[PDB]
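S.K.:
Protein chains: 2
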Amino acid sequence: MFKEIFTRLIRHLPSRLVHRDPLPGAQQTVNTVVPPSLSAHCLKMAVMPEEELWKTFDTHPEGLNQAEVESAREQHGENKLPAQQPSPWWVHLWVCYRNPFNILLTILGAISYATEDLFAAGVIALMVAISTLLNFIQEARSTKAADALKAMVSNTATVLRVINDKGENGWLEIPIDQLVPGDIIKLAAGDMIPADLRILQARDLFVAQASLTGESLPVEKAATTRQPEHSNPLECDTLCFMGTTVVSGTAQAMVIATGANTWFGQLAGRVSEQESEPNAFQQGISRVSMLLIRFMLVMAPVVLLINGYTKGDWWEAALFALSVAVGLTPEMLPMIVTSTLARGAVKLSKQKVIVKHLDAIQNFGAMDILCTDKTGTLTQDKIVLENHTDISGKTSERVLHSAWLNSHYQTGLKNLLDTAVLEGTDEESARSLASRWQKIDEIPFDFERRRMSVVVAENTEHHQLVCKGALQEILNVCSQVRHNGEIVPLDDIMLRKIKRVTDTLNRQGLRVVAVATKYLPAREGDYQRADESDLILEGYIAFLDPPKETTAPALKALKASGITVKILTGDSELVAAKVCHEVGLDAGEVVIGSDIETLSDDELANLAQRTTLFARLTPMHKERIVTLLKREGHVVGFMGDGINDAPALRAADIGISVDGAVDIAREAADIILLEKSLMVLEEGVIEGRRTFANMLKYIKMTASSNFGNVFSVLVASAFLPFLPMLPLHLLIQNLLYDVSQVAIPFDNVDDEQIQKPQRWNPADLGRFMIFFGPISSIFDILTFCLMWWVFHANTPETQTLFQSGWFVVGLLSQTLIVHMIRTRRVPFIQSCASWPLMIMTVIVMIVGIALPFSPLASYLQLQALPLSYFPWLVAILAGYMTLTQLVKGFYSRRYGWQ
Amino acid sequence: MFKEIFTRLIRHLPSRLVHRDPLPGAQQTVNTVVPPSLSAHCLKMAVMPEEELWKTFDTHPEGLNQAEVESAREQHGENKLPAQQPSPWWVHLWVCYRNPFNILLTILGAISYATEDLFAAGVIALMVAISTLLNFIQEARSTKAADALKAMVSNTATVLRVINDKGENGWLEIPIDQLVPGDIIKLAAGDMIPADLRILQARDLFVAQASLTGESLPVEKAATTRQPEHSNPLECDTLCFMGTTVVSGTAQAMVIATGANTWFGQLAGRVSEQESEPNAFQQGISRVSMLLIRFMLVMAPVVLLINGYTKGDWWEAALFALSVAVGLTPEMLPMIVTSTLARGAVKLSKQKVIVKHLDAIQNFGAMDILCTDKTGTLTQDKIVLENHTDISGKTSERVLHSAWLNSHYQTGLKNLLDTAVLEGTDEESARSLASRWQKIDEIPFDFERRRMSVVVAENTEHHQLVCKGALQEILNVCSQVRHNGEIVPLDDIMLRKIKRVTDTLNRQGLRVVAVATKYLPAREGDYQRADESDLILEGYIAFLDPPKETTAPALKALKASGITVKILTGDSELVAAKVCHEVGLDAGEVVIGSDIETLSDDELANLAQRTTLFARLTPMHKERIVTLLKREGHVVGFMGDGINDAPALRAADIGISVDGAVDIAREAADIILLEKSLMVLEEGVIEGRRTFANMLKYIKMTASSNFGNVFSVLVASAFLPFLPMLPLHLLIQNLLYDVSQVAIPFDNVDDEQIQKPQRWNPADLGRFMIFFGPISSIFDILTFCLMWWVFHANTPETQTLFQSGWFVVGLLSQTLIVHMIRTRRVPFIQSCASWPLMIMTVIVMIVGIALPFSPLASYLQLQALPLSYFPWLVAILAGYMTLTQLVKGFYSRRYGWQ
Ligand SMILES: [Mg+2]
Ligand SMILES: [Mg+2]
Ligand SMILES: [Mg+2]
Ligand SMILES: [Mg+2]
Ligand SMILES: [Mg+2]
Ligand SMILES: [Mg+2]
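These protein sequence lines map, in sequence, to chains B and A. For the first sequence, PDB author numbering gives the first residue as 1, with consecutive numbering after it. For the second sequence, PDB author numbering gives the first residue as 1, with consecutive numbering after it.
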């Protein structure tokens, strides 16, 4: 076996259509051990004075104009990884043409027909070129469509730039790949860092660097450094880094590095620069290509040997063997996949489902466990009923005003509670509070405490810290409560009463958020998390988030498909259970996060296969649950649109996000839904299953037909005193058959093939070929006998009649057999193909019939066929179709279709 | 003018595709003054002993088997009105062929070519027959599709019948039209009475006879009569009548009359049997047909006179004039409409919108005011949050148990509150109450008091009356309240406190339903409405009905289309205002029902044009508001699925209902949505606008082209010494052009034509014809000059070259001009037709080109065309297209497209 040189033979698809993106959150080890050049440059750039920063990157405060931005892009490259730049079209055409098979075909043609027999090798090379341009056009169009689809949903950044010739400055939303060094951008809540940044100004900027430094708590970034110099570049309080997000606050910064020059650009791109292990799709494609190479390299040399030993001329024998082996070439796969999946992707783009990389289309059809969250998917993002009450249950205006202050003076991500509180407060009181209070500091949201705080002041004497969050976390840091207008210590009886009331509200489906306030003396230092102590619990706000009207039918459709929906949510188990009961999902027994830390990996993996609803989950818990759900042969899809959903989305077999979400939840995702709905996801899953079924059918049919032709040639060449068909005719047959098959990506797929999650077995293609090759072979032998005896083509002098006699049988049957071997159901009555496929089949059949009668037949060494041959050909085709229809049942019983 | 004989000429479409159904609720006057035969038969059948009832109608207790049911159907006809039976296909073909135009054409052909010139009139009659069969096939297919669509959503009844050969009896759901006299059916809540019925058994059967007797309160129907004999047939307490609904209770009855033999069957069908005034659609179709008849009868006689005076033979002149006038025949309209609207209807059937009668498709596109209800459309039918509390606000199990008793022991229509109460009660307590309490009597729901009551008993000593309803109505009949476990008199302070609490709950969007209980001594008499007094108010249940997620986008799309959505609801104004604010609708100022009784018709009509939300409306108020909303040139659509929505649905210009609803809300409706959603309605409105635009475009283009041909013939006949074209060639041109236009119903419509509600002006067709006729005449004259001078067709001996020379110009231009005159936008770049239309255009153009060169041309008196004529024809076509494109702008400016 061996066949290491097959690595030369197999051409791999570009690494952007298949396989995921780097996702700069991984490999916490020291790649290149923080290389001294990069570390020194970052350290020097951190404390760089602001004045010479303008000269260093040739940047002006007003921004950059056109000529400058293209000059900078030319000098420093583009804001992309080296694996993200598509090759030029002429390079793609050359690499398509430079394959060993076409070059060897041309060389063999020149050698065989160099004996003054020109216009033969010329036509062979012309056919080779026509096939090459066909493949190149297919691949180029599909790759362009896929790249456009991937660029439709891309992370954007807000830049100063220059508008119009007048030089006016605005705020353009441009894709991150268009960024150049020395570009001024602005950062808000939820926007990821697109490249290395030098902070020009910052208002309470807290960013999440857990991806790089491994610390979950957000860190503060200021305009000027506030710490003595430290070696660690990632700890600089004035430089941002690509791959991190902005938790809260606002900023305006300048790009100091881009593309591969960025910190992550070296990391795992150039610092490691190792060979990435191929994913599931690439492995299957490699298996298919290797199987085709094995079959070709096994059978073609036998044909070569037989023809050389018997016929005579060895060169023509080798040319003929290569021509028949071209049918089973492995370089059709780079087109086929690209020609099929991209089409589905385009169709998915019309179903509000953008596919960033074609590989996902496989997994998106193979998904059988879909982890999600109650918010957005199950229930809406807008809450209908909300009542602001104190601990006694009566409506309290103090609680509503404190919540309004906290929501209005926050700078983090917008929340449904914040919007509801802002809308539910009257304009007069809202403006009175706005003109009466002023913001000072903000303590953002983090999962260690799950509380958000804002410190404001009504004067310069005292400050008020107003915090809000989940009930238990607020109660943990509350010592006093404002009951009946008096501040009374919060004893155990009131705690238990509050707990039972909130438990009843949760059981009714109401989410409860508690609010506390505290008064402190005025101080200059920033407020830390330690300041949330001895608070005064003003009250709690209970709000109802109604389930979506379409959630239950979508869940039913998903269960019908076979996708077991599981809920991984950080909310209370009571609210999650009520929501699941409302939407019809079977909660069963709930598992909280605190009950999985003690459990081992095996125990959690054994419990995750039976539990439907998981509550009170930290992002680490979500990542662990998703990771342990794939081991038992399950393809897992995770749907989320949160800040910390990047590890969960990346760890899942497929990640699905929404167009409106934080950047890190879109960069890490593989599928982007234009709207957050389960019905759209289910329809997209069905259509992706159809697309993958179409691709598999294409590969199966092409391989089976070409292997059957090769087997017929191998078995029947010895007895004949000449070539059964001229290799030029075989190339014509292959080209016309490929042109006919062009329409297969548009075929229809039976609902039986797409009723269950798809499992792809590359070894099934070999069984299909072995089963469906001799079928065609038998009728090839019958046609050979018919031409040898009935039509008296017994001598080479009349061989032209013989070969053409097979040609029309070779092309049409190969074209017709598709309609018999595309469905397990009986064709034309129980299952039908698509109109383009039938049109192409009929047109190609007509062209093949008319080729011997066309004036070109003389140039193609084709002789006209007598009218008596037509009934025999029709009978042969009918017998072939009937036999394959009656034989498909045995293949269905022994091995099965899907 | 006069032209009364045009009534003979115009063929009217069948009265089932256009115009509504009888809807047996109308004309409260005494039609036939209660004819003595029917009244006596009903009176005798009412008190008929049950024993001889079986023999009277040949019915057995087990039901009827097949042979008996077909025998009864043959004897007594079918359960349909005389206007609902479609004619046989051969009758339709004959009536299509029996039109004056085709008969006159055949007679003139025989007269003109009876001078031994056979095979001429024969071919003319063959072409006449081909056109007749084309029209008949189109009409028959479209009518069959429309009838199938109307039968898809039809009121059904549950019948005993016989299942299988074993004789087993089941309960078949069969359409009401299949009912035969002497058939046993069962009646439940919400099922309308399908035909005259004799009640065999009844359990608390209360039916609504407000349609016939005019009394809003439901009346009781018993198995045996309980009143002394009374003359009025409609007051019989044992006979049901078609057109009425079952408010509550169960029954099993026998059909005693069917079809026209039913009480309503005489009423307005045979008792009156008057000429129904045509609706909007029929009037417009009559106007179009009359305009075409006027144009034809004006211009054709002039051509006849000119040709007879100049050419010679009068018979051939009359034949030629009739042949050119055939282009403007008015009997194409019965096909066109039926061929277009039905197609849209079929498409509407794929958008979950079933159209019962094609006429609706006009109004459904012309709708600009859509009256609806908050339940179902705006909000969902399932309530998420519900809390059962007493007057003090604490949760009370007594209130929940009383509501459970009332909901479980009711027999009326199921309600969202009833389902929520049934689901929210634990199984143990529910079964304990079920085994502990037993139903005795029920006082159903009616709008005079808006309260429902059920009288049950735990023993034989005392009975408990449990009633529920709106808060104010319950409080009106409550004197005591169970507060803190003690029965205390309900004073004014508690009333005001309850009112303010419930007002706050309504302002939060919670609907509040109060429940009262009372204890009475055991008695044998039935409980009446007077028993609801001195009740004990147990408490109230507040439940939240969340708005649908898709309501706001659907309302935005409807407003973008131009359909002003108005809400006519009987709920409280606070809840309706909160729902409207939630869904984004502008409530503005609300109008309650009590504030429209004093207002006059003019005042209410001037107020309903500015008010968006109407609250606390009785069904009479809804009917009045809908009636007064159409006078100011507005097409009003009413959407409802209630028992009393039949007057509102019928009084509106169009009525839309849901598949799942009471029967009387489906019989009275014109459109049936498979699901209750506003988005489906908006998409259906858009598609119906497209369909009506397609129909109008078809009529306009056909009339304009044929009028242009007639004008060319009229102007250019005098100078020529022979017929410009043989009438056989004109018939060929008309047939081929119609075959080309067949694909117009499948055309594409610009979004500009369907962006606003459509207004149809029949007089616009005349202006369009006048504008676009001479444009097609100028080039006809140019072609005449080209054939006369350039090609030297100066003598009748070479007239065959001349006529054919026009023929190819006549057919292709008429076919091509469509792509220029179908859109106001520039063709082929800014607006494009549909693939079937382009395919048909190209195919018909090819056929017309090849006809002179075909061997049939000799039989059709067509001569082959020289190759030099092709460039001239191409130039003529290009000039015609360019001139019409440049001229369309003037028509757009002066009159406008839509
Ligand atoms: Mg942003
Ligand atoms: Mg600070
Ligand atoms: Mg073959
Ligand atoms: Mg029913
Ligand atoms: Mg009773
Ligand atoms: Mg014309």
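C-beta: ideal position from N, C-alpha, C; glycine also.
(1) Does the beta-carbon of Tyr895 of chain A have 16 or more other beta-carbons within 10 angstroms, so that it is buried, or is it exposed?
(2) For the candidate residues B:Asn761, B:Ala202, B:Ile199, B:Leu105, whose alpha-carbon lies nearest to that of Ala366 of chain B?
(3) Grouping DSSP H, G and I as helix and E and B as strand, with all else coil, what is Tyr519 of chain B?
(4) Would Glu683 of chain A count as contacting chain B if we go by Cβ distances under 7 Å?
(5) Based on DSSP bridge pairs, tell me the residues matched to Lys221 of chain A.
(6) For chain B, check one thing: does any of its Cβ atoms lie closer than 7 Å to the Cβ of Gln380 of chain A?
(7) Starting from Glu78 of chain A, follow the alpha helix (DSSP H) in both directions and report where the run begins and ends.
(8) Ignore the nearest five residues each way along the sequence and tell me which others in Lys697 of chain B's own chain have a CB closer than 6 Å to its CB.
(9) Could you please tell me which residues of the segment 538-564 of chain A, in chain order, have their CB closer than 8 Å to any CB of chain B?
(10) In angstroms, rounded to a whole number, what distance separates the CA positions of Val303 of chain A and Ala321 of chain A?
(11) Where does the unbroken beta strand (DSSP E) through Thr372 of chain B begin, and where does it stop?
(12) Could you tell me which residues DSSP puts in a beta bridge with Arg198 of chain A?
(13) Roughly how many whole angstroms lie between the Cα atoms of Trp789 of chain A and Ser804 of chain B?
(14) What does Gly327 of chain B touch in chain A if you count any residue whose Cβ is under 7 Å from its own?
(15) For the alpha helix (DSSP H) containing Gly63 of chain A, name the first residue and the last one.
(16) With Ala46 of chain A and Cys236 of chain A assumed to form a contact (beta carbons below 8 Å), what rounded beta-carbon distance in angstroms separates them?
(17) Please classify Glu442 of chain B as buried or exposed, where buried requires at least 16 other C-beta atoms within 10 Å of its C-beta.
(18) What does the Cβ neighbour count give for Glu52 of chain A, buried or exposed, with the cut at 16 atoms within 10 Å?
(19) Under 9 Å, CB to CB, which of the residues in the segment 1-30 of chain A have a partner in chain B?
(20) Once the 5 residues before and after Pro727 of chain A are set aside, which same chain residues still bring their CB inside 6 Å of it?
(21) Chain A partners of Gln508 of chain B, CB-CB under 9 Å?
(22) Distance check for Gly469 of chain A and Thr225 of chain A, CA to CA, integer angstroms please.
(23) Should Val515 of chain A and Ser392 of chain A be called a contact, given that it needs their Cβ atoms to be closer than 7 Å?
(24) Would you report the Cα separation of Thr425 of chain B and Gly562 of chain B, rounded to the nearest angstrom?
(25) I need the residues with a C-beta less than 7 Å from some heavy atom of ligand 6; please give them in chain order.
(26) Measuring straight from C-alpha to C-alpha, what distance separates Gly63 of chain B and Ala208 of chain B?
(27) Taking 6 Å as the line, does the beta carbon of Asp531 of chain B fall inside it for any heavy atom of ligand 2?
(28) Cβ of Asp191 of chain B within 6 Å of any heavy atom in ligand 1?
(29) From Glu68 of chain A to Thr245 of chain A, what distance separates their C-alpha atoms?
(30) Can you give the Cα-Cα distance for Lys44 of chain B and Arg198 of chain B, rounded to whole angstroms?
(31) Could you tell me the distance, in whole angstroms, from the CA atom of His621 of chain B to the CA atom of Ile174 of chain B?
(32) DSSP on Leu735 of chain B, reduced to helix/strand/coil?
(33) Who's in the neighbourhood of ligand 5, going by beta-carbon under 6 Å from any heavy atom, listed in chain order?
(34) I'd like to confirm the pairing. Which residues does DSSP put opposite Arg689 of chain A in its beta bridges?
(35) What whole-angstrom Cβ distance do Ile732 of chain B and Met127 of chain B have, given they're in contact under 8 Å?
M.R.: Walking through what the data contain:
(1) For this step, residue 895 of chain A is matched to residue 895 along the second sequence. Looking at its Cβ environment, which holds fewer than 16 other Cβ atoms inside 10 Å, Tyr895 of chain A is exposed.
(2) Residue numbering aside, residue 366 of chain B sits at position 366 when the first sequence is read from its first letter. With distances taken between CA atoms, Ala366 of chain B lies nearest to B:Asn761 out of B:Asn761, B:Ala202, B:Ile199, B:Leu105.
(3) Reading the first sequence from its first residue, position 519 is the one you call residue 519 of chain B. The answer is strand: DSSP assigns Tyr519 of chain B an E or B state.
(4) Your numbering for residue 683 of chain A matches position 683 in the second sequence. No, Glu683 of chain A does not count as interfacial toward chain B.
(5) Residue 221 of chain A sits at position 221 when you count from the first residue of the second sequence. Within the DSSP secondary-structure output, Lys221 of chain A pairs in a beta bridge with A:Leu205.
(6) As a working mapping, residue 380 of chain A is identified with position 380 in the second sequence. At least one chain B Cβ lies under 7 Å of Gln380 of chain A.
(7) Walking along the second sequence from the start, residue 78 of chain A turns up at place 78. That residue, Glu78 of chain A, is in no alpha helix (DSSP H); it is neither H nor E in DSSP.
(8) For the purposes of this step, residue 697 of chain B is taken as residue 697 along the first sequence, with counting starting at 1. Counting only residues of its own chain and dropping the five nearest sequence neighbours on each side, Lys697 of chain B has a CB closer than 6 Å to the CB of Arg822.
(9) Taking 8 Å as the upper bound on Cβ-Cβ separation, chain B lies near residues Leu544, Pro546, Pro547, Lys548, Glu549, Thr550 of the segment 538-564 of chain A.
(10) Position 303 of the second sequence holds residue 303 of chain A. Position 321 of the second sequence holds residue 321 of chain A. Rounded to whole angstroms, the gap between the alpha carbons of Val303 of chain A and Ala321 of chain A is 6 Å.
(11) Within the first sequence, numbered from 1, the residue matching residue 372 of chain B stands at position 372. Segment 369-372, the beta strand (DSSP E) holding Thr372 of chain B.
(12) One-based indexing of the second sequence puts residue 198 of chain A at position 198. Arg198 of chain A pairs with A:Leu239, A:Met254.
(13) Taking the second sequence and counting its residues from 1, one reaches residue 789 of chain A at position 789. Taking the first sequence and counting its residues from 1, one reaches residue 804 of chain B at position 804. When rounded, the distance between both Cα atoms is 56 Å.
(14) The residue you call residue 327 of chain B lines up with position 327 of the first sequence. Residues of chain A passing the Cβ test: none, with the nearest at roughly 35 Å.
(15) Here residue 63 of chain A refers to the residue found at position 63 of the second sequence. In this chain, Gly63 of chain A is not harboured by any alpha helix (DSSP H), its DSSP state being neither H nor E.
(16) Reading the second sequence from its first residue, position 46 is the one you call residue 46 of chain A. Reading the second sequence from its first residue, position 236 is the one you call residue 236 of chain A. Indeed they touch by this definition, with Cβ atoms about 4 Å apart.
(17) By one-based count along the first sequence, residue 442 of chain B stands at place 442. Note on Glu442 of chain B: 16 or more other CB atoms within 10 angstroms of its CB, so buried under the neighbour-count rule.
(18) Indexing the second sequence from 1 puts residue 52 of chain A at position 52. It counts as exposed.
(19) Here the close residues number zero.
(20) As a working note, residue 727 of chain A is residue 727 in the second sequence. Same-chain partners within the cutoff: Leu319, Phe320, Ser323.
(21) Sequence index remark: in the first sequence, residue 508 of chain B carries index 508 (1-based). Identification of chain A residues near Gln508 of chain B by a Cβ-Cβ cut-off of 9 Å yields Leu385, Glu386, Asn387, ordered along the chain.
(22) Taking the second sequence and counting its residues from 1, the one referred to as residue 225 of chain A is at position 225. Taking the second sequence and counting its residues from 1, the one referred to as residue 469 of chain A is at position 469. Across the structure, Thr225 of chain A and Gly469 of chain A are spaced so that their CA atoms are roughly 32 Å apart.
(23) For the purposes of this step, residue 515 of chain A is identified with residue 515 of the second sequence, where counting begins at 1. For the purposes of this step, residue 392 of chain A is identified with residue 392 of the second sequence, where counting begins at 1. With contacts defined as CB atoms closer than 7 Å, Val515 of chain A and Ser392 of chain A fail to qualify as a contacting pair.
(24) Indexing the first sequence from 1 puts residue 425 of chain B at position 425. Indexing the first sequence from 1 puts residue 562 of chain B at position 562. In this structure, the straight-line span from the alpha carbon of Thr425 of chain B to that of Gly562 of chain B is close to 46 Å.
(25) Those residues whose C-beta sits under 7 Å from the nearest heavy atom of ligand 6 are, from N- to C-terminal order along the chain, A:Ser705, A:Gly708, A:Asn709, A:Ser712, A:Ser776, A:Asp780, A:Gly810, A:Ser813, A:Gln814.
(26) Mapped onto the first sequence, residue 63 of chain B falls at position 63. Mapped onto the first sequence, residue 208 of chain B falls at position 208. For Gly63 of chain B and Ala208 of chain B, the distance between alpha carbons rounds to 27 Å.
(27) Counting from one through the first sequence, the residue named residue 531 of chain B turns up at place 531. No, ligand 2 has no heavy atom inside 6 Å of this Cβ.
(28) As a working note, residue 191 of chain B is residue 191 in the first sequence. Yes.
(29) Reading the second sequence from its first residue, position 68 is the one you call residue 68 of chain A. Reading the second sequence from its first residue, position 245 is the one you call residue 245 of chain A. Distance between the alpha carbons of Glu68 of chain A and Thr245 of chain A is about 28 Å.
(30) Start at 1 with the first residue of the first sequence, and residue 44 of chain B comes out as number 44. Start at 1 with the first residue of the first sequence, and residue 198 of chain B comes out as number 198. Using only the alpha carbons, I get a separation of about 11 Å.
(31) Translated into the one-based positions of the first sequence, residue 621 of chain B becomes position 621. Translated into the one-based positions of the first sequence, residue 174 of chain B becomes position 174. Roughly 35 Å separates the two Cα atoms.
(32) Your numbering for residue 735 of chain B matches position 735 in the first sequence. Three-state DSSP puts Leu735 of chain B in a helix.
(33) Output, sorted by chain position: A:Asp204, A:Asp441, A:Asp526.
(34) As a first step, residue 689 of chain A is located in the second sequence; it is residue number 689 there, counting from the start. BP columns for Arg689 of chain A are empty, so no partner.
(35) Counting from 1 along the first sequence, the entry for residue 732 of chain B is found at position 732. Counting from 1 along the first sequence, the entry for residue 127 of chain B is found at position 127. The Cβ separation is near 7 Å, so the contact holds.
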